[PDB]
Amino acid sequence: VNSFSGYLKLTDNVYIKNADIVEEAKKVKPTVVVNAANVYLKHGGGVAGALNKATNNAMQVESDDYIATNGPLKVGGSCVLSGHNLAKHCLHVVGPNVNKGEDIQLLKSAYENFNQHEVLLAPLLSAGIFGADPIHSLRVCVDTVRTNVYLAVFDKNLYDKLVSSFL
């Protein structure tokens, strides 16, 4: 049992809710919140911009130190950093960005990072400003993630379409 509430069960292990991931995280304080990161951990927009703003830029300051020490991530890769006031940890995951010409096939590799964590609160990877079709992202999520993932979708109209088109 956990405190996630109001989710619709899609499969054994995948759950979905029309919710603001920042508000979900502040309420639940999950062990892991997933960020829609880029390889430079530049948290300017989309989910990353929202999560970083909720940390009053502490996520960005921490990320700058990570990059100075370790260099950029890979597309499809991830790192674990602090969750600050949102979660114990933030799993920064880099989905391909179609607006950068990146190969959508890397989306499966991106979702595989979720399997290293028993429970996650997450957005749909590569959706939003990353340019992929969220219906496809949900399909890859369900077909890749085996651990328990609680998906938060901000946009009500896209949430409704994601549920109503799910096979």
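## A closer look at the packing of aromatic side chains
On inspection of all chains with the given rule, the structure shows 5 aromatic pairs. Aromatic pair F4 and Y7: ring centres 5.5 Å apart, planes at 80 degrees, arrangement edge-to-face. Summarising the burial analysis for this pair, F4 and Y7 share the class buried. When the ring of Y111 is compared with that of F114, the centres are 5.2 Å apart and the planes differ by 70 degrees; the resulting orientation is edge-to-face. Owing to a relative accessible area of 0%, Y111 belongs among the buried residues under this scheme. Of the aromatic side chains, those joined through ring pairs into one cluster are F4, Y7, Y15 and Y150.

## A few points about the side chain of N113
Within the element layout of this structure, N113 appears in the loop between α4 (107–112) and β6 (119–122). Under the relative-accessibility criterion, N113 is labelled buried at 16%. One polar contact links the side chain of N113 to the main-chain carbonyl oxygen of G76, over a distance of 2.9 Å. A polar contact of 2.9 Å, which involves the side chain of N113, links it to the backbone oxygen of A110.

Conventions adopted
- In this document, every chain is numbered from 1 following its sequence as written, which may not correspond to the numbering used in the entry; residues for which no coordinates exist are not shown.
- Values shown for side chains rest on all heavy atoms present in the structure; no hydrogens or waters enter the calculation.
- Between the rings of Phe, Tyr and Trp (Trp by its six-membered ring), a pair exists once the centres lie within 6.5 Å; its type follows the angle of the planes, with under 30 degrees stacked, over 60 edge-to-face, and the other angles tilted.
- Exposure categories follow from relative accessible area, calculated using a 1.4 Å probe and restricted to protein chains: below 20% of the type maximum is buried, above 50% is exposed, and the middle band is partly exposed.
- Helix and strand labels come from DSSP, where a helix needs a run of H or I of at least four residues and a strand needs a run of E of at least two; each type is numbered from the N terminus.
- Throughout this description, a polar contact denotes any pair of N or O atoms lying within 3.5 Å of each other; where both atoms belong to protein, one of them has to be capable of donating a hydrogen while the other can accept it, and for residues adjacent in sequence the pair is counted only when both atoms sit in side chains.

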